[PDB]
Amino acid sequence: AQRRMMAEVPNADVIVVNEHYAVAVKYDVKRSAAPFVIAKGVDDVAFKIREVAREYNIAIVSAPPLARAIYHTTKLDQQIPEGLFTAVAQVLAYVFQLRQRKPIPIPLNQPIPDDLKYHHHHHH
């Protein structure tokens, strides 16, 4: 949650959002096979990421379990875990296929893996 992180949000391909979550995701294959997180924050920092993204016409999409799973499993400048690739790649496909405001609700097409979930859950 830095000015240095906030300066990177203009380079995002998408913000996955939804106590508030926002993760700014980039796909740049000359650097990494998997998308990577270039900004992330919760609550107010999440809304500052969103406001910058909207200023720069960067798609913001609501998929709450994906937003949370990315945030919990991916540090800044790190690739998302392999278990989230297909879900993020399908969000990216939708973003890239948009034609030339609340976030766009996108249904997930499969579950988020158990091992990337239950971050706040009290196990017995």
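When you see a residue number, it is the position in the sequence shown, counting from 1.
> Hey, how big is the hole between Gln100 and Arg101 in terms of deposited residues without coordinates: none, 1 to 3, 4 to 9, or 10 or more?
Replying inline: 4 to 9 residues lack coordinates between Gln100 and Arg101.
> Do any residues of the deposited sequence lie unmodelled between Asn11 and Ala12, and which range holds their number: none, 1 to 3, 4 to 9, or 10 or more?
Replying inline: Missing residues, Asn11 to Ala12: none.
> Between 88 to 96 and 41 to 49, which has the larger average Cα B-factor in the PDB entry?
Replying inline: 41 to 49 has the higher mean C-alpha B-factor.
> C-alpha B factor of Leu116, ranked within the chain: lowest, middle or highest third?
Replying inline: Its C-alpha B-factor, which the entry lists for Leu116, ranks in the middle third among residues of this chain.
> If you rank the chain by CA B-factor, which third does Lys75 end up in: lowest, middle or highest?
Replying inline: For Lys75, whose C-alpha B-factor we compare with every modelled residue in the chain, the answer is the middle third.
> If you rank the chain by CA B-factor, which third does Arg54 end up in: lowest, middle or highest?
Replying inline: Highest third of the chain for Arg54's C-alpha B-factor.
> Against its chain's modelled residues, does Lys26's Cα B factor rank lowest, middle or highest third?
Replying inline: It falls in the bottom third of the chain.
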